[PDB]
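Student: I have a structure here, written as structure tokens, and I will follow up with some questions on it.
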Amino acid sequence: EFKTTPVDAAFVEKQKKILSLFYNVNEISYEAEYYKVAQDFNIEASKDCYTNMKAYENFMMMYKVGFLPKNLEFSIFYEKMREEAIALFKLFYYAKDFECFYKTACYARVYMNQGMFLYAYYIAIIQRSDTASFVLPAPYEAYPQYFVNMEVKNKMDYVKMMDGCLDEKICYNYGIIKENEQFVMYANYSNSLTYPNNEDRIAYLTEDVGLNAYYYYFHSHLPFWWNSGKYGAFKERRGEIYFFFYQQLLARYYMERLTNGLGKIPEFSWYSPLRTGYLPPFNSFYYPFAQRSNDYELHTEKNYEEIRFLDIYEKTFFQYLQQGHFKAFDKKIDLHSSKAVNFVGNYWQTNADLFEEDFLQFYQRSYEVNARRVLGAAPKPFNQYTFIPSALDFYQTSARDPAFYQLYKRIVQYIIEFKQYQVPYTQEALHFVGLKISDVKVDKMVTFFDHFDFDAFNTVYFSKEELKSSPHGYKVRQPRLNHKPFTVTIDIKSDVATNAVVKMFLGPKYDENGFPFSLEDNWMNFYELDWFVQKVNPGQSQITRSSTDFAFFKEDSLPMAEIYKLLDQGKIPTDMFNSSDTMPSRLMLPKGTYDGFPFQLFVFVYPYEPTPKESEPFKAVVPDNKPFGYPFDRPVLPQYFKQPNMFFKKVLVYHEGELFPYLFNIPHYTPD
Amino acid sequence: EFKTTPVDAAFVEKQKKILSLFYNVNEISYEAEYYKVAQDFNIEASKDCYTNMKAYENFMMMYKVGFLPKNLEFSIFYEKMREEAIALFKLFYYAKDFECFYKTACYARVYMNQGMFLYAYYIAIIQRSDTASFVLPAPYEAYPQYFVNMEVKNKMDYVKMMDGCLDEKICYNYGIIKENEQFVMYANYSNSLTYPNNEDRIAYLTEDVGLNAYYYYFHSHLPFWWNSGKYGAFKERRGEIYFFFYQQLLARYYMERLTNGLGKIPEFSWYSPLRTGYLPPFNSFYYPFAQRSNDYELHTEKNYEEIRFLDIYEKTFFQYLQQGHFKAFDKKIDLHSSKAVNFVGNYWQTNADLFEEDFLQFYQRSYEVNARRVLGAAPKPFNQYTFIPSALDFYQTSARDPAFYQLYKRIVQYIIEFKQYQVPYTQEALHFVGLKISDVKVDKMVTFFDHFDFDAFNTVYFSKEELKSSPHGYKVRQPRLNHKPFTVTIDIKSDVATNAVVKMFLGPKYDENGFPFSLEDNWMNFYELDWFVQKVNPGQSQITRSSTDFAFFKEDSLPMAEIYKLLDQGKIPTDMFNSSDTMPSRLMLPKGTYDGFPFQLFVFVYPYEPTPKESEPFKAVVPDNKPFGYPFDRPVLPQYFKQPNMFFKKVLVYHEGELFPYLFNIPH
Ligand SMILES: *[C@@H]1O[C@H](CO)[C@@H](O[C@@H]2O[C@H](CO)[C@@H](O[C@@H]3O[C@H](CO[C@H]4O[C@H](CO)[C@@H](O)[C@H](O)[C@@H]4O)[C@@H](O)[C@H](O[C@@H]4O[C@H](CO)[C@@H](O)[C@H](O)[C@@H]4O)[C@@H]3O)[C@H](O)[C@H]2NC(C)=O)[C@H](O)[C@H]1NC(C)=O
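Structural data, given as structure tokens:
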């Protein structure tokens, strides 16, 4: 009951090579294969490992100067850095074949900044079409310092310096135990000291490792600085998925807020104090992460120039809308087409497609980068290779900061302002003639917390001796949200014999007040649970769909220990290779309440139009003509949403066992 | 459904006369008794109707000048108005006997500002020892303009102008119905258009008519501007009563917050914007009530002077705290005693007692009065008699404004700072030698909403013809919170045999965190449910105690129409008589969840010391020399609250039927 895929022996060899660069990423083992291979890799004499001569020579130019030194923090949001990671990726991506890529990576694993190496390496593995099917470690196993609060990281460093536990009893009381000769450290989510306000209610979501990893995978599947020509016809839809990704994520987040009684995502101004502070429980080699207080004044001497830029970046968009048709980055933008939809997203992300070039150029300033800089609260960088980090400097920690959700809310509002220019769906575009949903039934929907382990060994240091055998076994254990399986049953009268699409969303039923949401105001608050095609036949029939089969959710990634165990059996975990960029399903449902929190499930059935065969960047691109998020991709006329083939069903989400995650990490106490 | 008291014939004659002044408060019936008696009343030639000659002549000087004109808004927070209300109260109170009192009242009811009359008349009935036992209409029946949202008031006004329903079925859809030839108007609590924020989650408590009446009652039972010497031995505890009242209230209010996901009462600063606005649906037929927007700057030009005042009034207090001991207002005060608690309360209320005088004087400025003027947001009064009203201008609307709880939270905190001077209770002062609570059991505690009617006839005008028949029958229907009765059973093992005091408190179990509250930071958050004396037996016994019997909660007021019918039978309602100044039962519990919301029940048993034989200003004054709120009148060391004669029980408060009151008011 963990999805398997069989896999042959040539595969095992290549997968083992790729996985091996992730062992002890923070130090160098002189007797690892990678070290020998890098010693033996003559880079000057290797023009013929590369499909692209320019990339090679471009790398050598920067190479001869020198790169970002080992041990410094890496972030693509600083330019000098970005130009280097991009050079590294071009090398990885234009390597003739696998041998070539492996020597290049070994070299980089040895001689280059570990952050930069891991960033380029992940992206290249996802992007190279000969590596497309290989599995990667979960990002929290590759960069545990981005996923572990200081408290836990310190406890582990402490256990290491002592070479183990003084005595068991002392240790157990501090949440430190041995299991099968490995160390396990119980971890709480952070308290009122890092989230000095109500946002702490939600720390179990915002600090969730799955949810942070998801954002990282999203970025690495199509990074802003890269064009999307690798993906064919998807190029003309890149901006669409940008909106969708953020609209869905914020919809997921607002639902968490509702169950924890927290109301709307706050709005703000660049010219005003921002309310919800955040003190990141992280440090880099030199600096504690930058802290932002409650009521932090965004508008100060240090951010004035940035704020001017941000301000006119948004107001330009207003000017576009005001005008309908306008000259923008080559063509005339007409707001009534869908070349408009694409433009809108590329505009807000300042991605490579906006400029219709291959890679983001050195002088093109991004809206999102400057926003993160203002909101990150950090002091200005010490030099081009040394910045003071904040949660917003990385996709791995971004979702920990309340400001992150506020910033994307603002962008999503802006896009929704443009979406006011889109013609709404008519009766005839949504009516499925000859078919009616007569009823929807759902099993009990139940959430709970349960423990979850990962190996954090990459954040622990090891002697020359211990390294000779790839040492690990430093596990973090944490209560994480989860739900039970449940089945949706859909009942249908049908005249016709066609293939059909069934979509299901979850959205709010009541606002923070107690009033029924009205669709005109709530369509942006629905997130997709599922999509699939079904043969329908006339009469009454019924489709059953288990939550374990929902399209947009995955199983927890396996740890590397387990990946290797499986490899020795010719086995690969499906969800880790066929769909890493997908939301973990443990977070499928907001945390419920013991009585049951009211949400609603929208079930929509429409005719299926045979759409060709692609191989797009994400799981969110289903083989359909339909816009992403359809029929909730755009403003609603409510009288058109009483279609026989639509059905809004009230459902309560329960919760069972302890309502608070800390109750799982108390020494002489066991929960429920 | 209500407790009755048999009542003799003399009483009924007097009670009827009293209640008759509360009929059609807003116009005059040329054919009613009160009118003829008022006309026959030579105020000039009847000095001998009064105990106090000074009071008599004082009123006359004033009356020769002139009083607040009829129809204008009356508020005791404005100097000249207060001085006039006090003069009229002096008259009522010093009336030789009930006859002179009636005449004066008839006289006042005819020639005077009706609001000013009602204010003075209420208080007089409560204070005069020959009226001590008589009953009063609930505040919402006497001043329904202060308990009705504008939409409802207008629905009634237009029905009157129409002389009834044109068409039953349009009317129905607007929540207007005929019942026994009386009109019933259904009323919603106000929407985000009234509280443009989170505080609207709670409108069902803050707008609640019981809760607002309760506050009006607490004021009238002992007004800040008056002396407390009428209650003798109680005078030494007036400040203690003042603290306890607000502490309890805020504790109750915070519990409603917690069940609606709301957290701590925000703190504020006179020199910064106040986050939470208030827009009242009330008007004085002249000005609408002043609105306070969100993020309203307190420190603007028109408030410079008042903020200066409020600022030193506070800082003077800090200086007290810093100095430990000092002379103030005659006295030498040492913050280690209880002559201290009393002083501290009196200080904060600037009441008459703080000056050792009979009535507040013209020029002794009140912190609460200016706090309320600044927070109330109104432009400055136009003249002596004409201000722009705010919710904080009246005891009967105060509880409706978020700022009200913020203001009293501030005062109560300053008192808690003082309380750190008080020496904590020790093991020996709390331990009951030879007695132990072995268990506490509680019935299911269930809240719910159900309908409640009152007569709003007082804000409707009638013709000469109609008036001849003193007319009513304009009823408002509203969902109100409520709970099902429940029993607490306490199990006690004891060695010997004495009378015991049993006390029950309700506190939160967790903060907005989800984290257990510790007693150190929670003692202020317990509200008292009950107090009673018990004969304890040797060995094992069980005390059973029902909610319907809880000492600090009352049944609902009956409307006058019902009071009249009871009087016709020789009966009155006990609670309106014996305990009007007590909180209503239905509000005993905060709204629960279907779920069941986690709180704790604190059960205390201590030895009974037969003491005081008194004459009570409030029912909060129980015949015990212990402090009010004992053992939660002061900072706690959590390790002394483990005596066998204490039990903390987790209870869960459930809720049944509809969670939102508006679903109770939907048409077809
Ligand atoms: C206290 O507060 C509550 C809540 O605000 C309020 O209840 C609301 O009352 C209104 C009418 O008084 C009610 O709407 C009526 O609604 C019904 C129900 O409609 C339902 O079905 C529709 C499809 O058939 C669907 O589209 C709706 O969303 C809903 O589920 C409806 O039959 C009425 O239709 C209209 O009639 C009016 C006549 O004036 C015409 O103008 C119009 O052309 C329609 O024919 C009408 O809309 C509403 O649903 C209630 N709100 C909620 C949130 O439940 C109470 O009235 C208020 N009570 C008092 C005494 O103040």
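Respectively, the protein sequence lines represent chains A and B. Using my numbering, read the first sequence as starting at 175 and increasing by one per residue. Using my numbering, read the second sequence as starting at 15 and increasing by one per residue. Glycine residues also receive a C-beta, built at the ideal position from the N, C-alpha and C atoms.
1) Closer than 7 Å by beta-carbon distance: list the chain B residues that pair up with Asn696 of chain A, in chain order.
2) Between the C-alpha atoms of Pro20 of chain B and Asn384 of chain B, what's the straight-line distance to the nearest angstrom?
3) On a Cα-Cα basis, can you pick out the residue from A:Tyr427, A:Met762, A:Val777 that is closest to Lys728 of chain A?
4) What residue range does the alpha helix (DSSP H) around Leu379 of chain A cover?
5) So, is the C-beta of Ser452 of chain B closer than 9 Å to a C-beta in chain A?
6) Give a yes or no on whether 9 Å exceeds the smallest Cβ distance from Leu379 of chain A to chain B.
7) Specify whether the stretch 402-420 of chain A and the stretch 515-525 of chain A touch according to this definition: at least 3 beta carbon pairs, one from each stretch, less than 8 Å apart.
8) Report the rounded CA-to-CA distance for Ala443 of chain B versus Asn639 of chain B, giving the unit in angstroms.
9) Mapping DSSP to helix, strand and coil, what is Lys728 of chain A?
10) Using a Cβ cut-off of 8 Å, pull out every chain B residue sitting near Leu833 of chain A, in sequence order please.
11) Quick one: which chain A residues come within Cβ less than 7 Å of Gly275 of chain B?
12) Of all Cβ atoms in chain B, is any one closer than 9 Å to the Cβ of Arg375 of chain A?
13) Residues bridged to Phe618 of chain B by DSSP?
14) So if I measure from each beta-carbon to every heavy atom of ligand 1 and keep distances below 5 Å, which residues remain?
15) Are the beta-carbon atoms belonging to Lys649 of chain A and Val779 of chain A less than 9 Å from one another?
16) Beta carbons nearer than 8 Å to chain B: which residues of the stretch 764-792 of chain A have them?
17) Which complete alpha helix (DSSP H) runs does the stretch 222-268 of chain A hold, if anything under 4 residues is left out?
18) Contact criterion: CB-CB distance below 9 Å. Does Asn127 of chain B meet it with respect to chain A?
19) Below 9 Å between beta carbons: does that hold for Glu247 of chain A and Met734 of chain A?
20) Buried or exposed for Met126 of chain B, going by 16 or more other Cβ atoms inside 10 Å?
21) If we count Cβ pairs, one from each stretch, closer than 8 Å, do we get three or more for the stretch 501-509 of chain B versus the stretch 545-560 of chain B?
22) Do you know how far the Cα of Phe679 of chain A is from the Cα of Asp704 of chain A?
23) Using DSSP with H/G/I as helix, E/B as strand and the rest coil, what is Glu193 of chain B?
24) What number of angstroms, rounded off, separates the C-alpha of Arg215 of chain B from the C-alpha of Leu448 of chain A?
25) Give me, in chain order, the residues of the same chain whose beta-carbon lies closer than 7 Å to that of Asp525 of chain B; leave out the 5 immediate sequence neighbours on both sides.
26) Between which two residues does the beta strand (DSSP E) harbouring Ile746 of chain A extend?
27) Looking at the unbroken beta strand (DSSP E) that takes in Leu609 of chain A, where does it start and where does it end?
28) Once you ignore the five residues that flank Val586 of chain A on each side, which residues in its own chain have a CB closer than 8 Å to its CB?
29) Nearest to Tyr399 of chain B by CA position, among B:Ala392, B:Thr273, B:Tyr92, B:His486, is which residue?
30) Report yes if the C-beta distance between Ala502 of chain A and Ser402 of chain A is below 9 Å; otherwise report no.
31) Let me make sure I understand the geometry here. Which of A:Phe773, A:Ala674, A:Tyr635 has the alpha-carbon closest to that of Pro797 of chain A?
32) In chain A, what lies closer than 8 Å to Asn212 of chain B by C-beta?
33) Could you say which of A:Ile589, A:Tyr388, A:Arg654 lies nearest to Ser572 of chain A if we only look at CA atoms?
34) First and last residue of the alpha helix (DSSP H) that includes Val173 of chain B?
35) Using a Cβ-Cβ distance cut-off of 9 Å, determine whether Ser512 of chain A contacts chain B.
36) Assign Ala630 of chain A to one of three DSSP states: helix, strand, or coil.
Tutor: Reading off the structure:
1) Taking the first residue of the first sequence as 1, we reach residue 696 of chain A at position 522. Ordered by position in chain B, no residue passes the 7 Å Cβ test against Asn696 of chain A, which lies about 16 Å from the chain.
2) Looking up residue 20 of chain B in the second sequence gives position 6. Looking up residue 384 of chain B in the second sequence gives position 370. Rounded to the nearest angstrom, the two C-alpha atoms are 46 Å apart.
3) As a first step, residue 728 of chain A must be located in the first sequence, where it is residue number 554. With distances taken between Cα atoms, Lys728 of chain A lies closest to A:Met762.
4) Residue numbering aside, residue 379 of chain A sits at position 205 when the first sequence is read from its first letter. Its alpha helix (DSSP H) spans residues 377-380.
5) Numbered from 1 along the second sequence, position 438 holds the residue referred to as residue 452 of chain B. Not one chain A Cβ lies under 9 Å of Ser452 of chain B.
6) Against the first sequence, residue 379 of chain A aligns to sequence position 205. No, no contact with chain B.
7) yes
8) On the second sequence, residue 443 of chain B is found 429 positions in, with the first residue counted as 1. On the second sequence, residue 639 of chain B is found 625 positions in, with the first residue counted as 1. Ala443 of chain B and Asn639 of chain B: Cα-Cα distance of roughly 14 Å.
9) The count along the first sequence starts at 1 and reaches residue 728 of chain A at position 554. DSSP places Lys728 of chain A in strand when its eight states are reduced to three.
10) For the purposes of this step, residue 833 of chain A is identified with residue 659 of the first sequence, where counting begins at 1. Simply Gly528.
11) To locate residue 275 of chain B, count along the second sequence from 1; it is residue 261. Those within 7 Å of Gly275 of chain B in chain A are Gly435.
12) The residue you call residue 375 of chain A lines up with position 201 of the first sequence. It does; some Cβ of chain B falls within 9 Å.
13) In the second sequence, the residue the question calls residue 618 of chain B occupies position 604. DSSP lists B:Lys517, B:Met660 as partners of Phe618 of chain B.
14) B:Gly189, B:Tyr200, B:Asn202, B:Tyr676, B:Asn679, B:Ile680, B:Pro681
15) Position 475 of the first sequence, counting from 1, holds the residue named residue 649 of chain A. Position 605 of the first sequence, counting from 1, holds the residue named residue 779 of chain A. In this structure, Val779 of chain A does not lie closer than 9 Å to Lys649 of chain A by Cβ.
16) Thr767, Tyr768, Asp769, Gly770
17) 227-239, 253-267
18) Position 113 of the second sequence, counted from the first residue, corresponds to residue 127 of chain B. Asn127 of chain B does not count as touching chain A.
19) Here residue 247 of chain A is taken as the residue at index 73 of the first sequence, counted from 1. Here residue 734 of chain A is taken as the residue at index 560 of the first sequence, counted from 1. The answer is no: Cβ separation not under 9 Å.
20) Position 112 of the second sequence, counted from the start, is the residue given in the question as residue 126 of chain B. Classification of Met126 of chain B: buried, given that the 10 Å Cβ count is 16 or more.
21) yes
22) Walking along the first sequence from the start, residue 704 of chain A turns up at place 530. Walking along the first sequence from the start, residue 679 of chain A turns up at place 505. Their Cα atoms are separated by approximately 7 Å.
23) By one-based count along the second sequence, residue 193 of chain B stands at place 179. DSSP places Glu193 of chain B in strand when its eight states are reduced to three.
24) Translated into the one-based positions of the second sequence, residue 215 of chain B becomes position 201. Translated into the one-based positions of the first sequence, residue 448 of chain A becomes position 274. Their backbone Cα atoms lie some 25 Å apart in a straight line.
25) Indexing the second sequence from 1 puts residue 525 of chain B at position 511. Cβ within range, chain order: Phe531.
26) The count along the first sequence starts at 1 and reaches residue 746 of chain A at position 572. Segment 745-747, the beta strand (DSSP E) holding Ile746 of chain A.
27) Within the first sequence, the letter at position 435 stands for residue 609 of chain A. Its beta strand (DSSP E) spans residues 609-616.
28) In the first sequence, counting from the first residue as 1, residue 586 of chain A sits at position 412. Within the same chain, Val586 of chain A has close Cβ partners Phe417, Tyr420, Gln421, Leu424, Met698.
29) Working through the second sequence from its first residue, we reach residue 399 of chain B at position 385. It is B:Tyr92.
30) As a first step, residue 502 of chain A must be located in the first sequence, where it is residue number 328. As a first step, residue 402 of chain A must be located in the first sequence, where it is residue number 228. No, these two residues do not count as a Cβ contact at 9 Å.
31) As a working note, residue 797 of chain A is residue 623 in the first sequence. Selected option, being the one with the closest Cα: A:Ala674.
32) As a working note, residue 212 of chain B is residue 198 in the second sequence. The contacting residues are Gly437, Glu686.
33) Position 398 of the first sequence holds residue 572 of chain A. Nearest option by C-alpha distance: A:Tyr388.
34) Taking the second sequence and counting its residues from 1, one reaches residue 173 of chain B at position 159. Residues 164-176.
35) Taking the first sequence and counting its residues from 1, the one referred to as residue 512 of chain A is at position 338. Judged by the 9 Å Cβ criterion, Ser512 of chain A is not in contact with chain B.
36) The sequence position of residue 630 of chain A within the first sequence is 456, counting from 1. Three-state result, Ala630 of chain A: coil.
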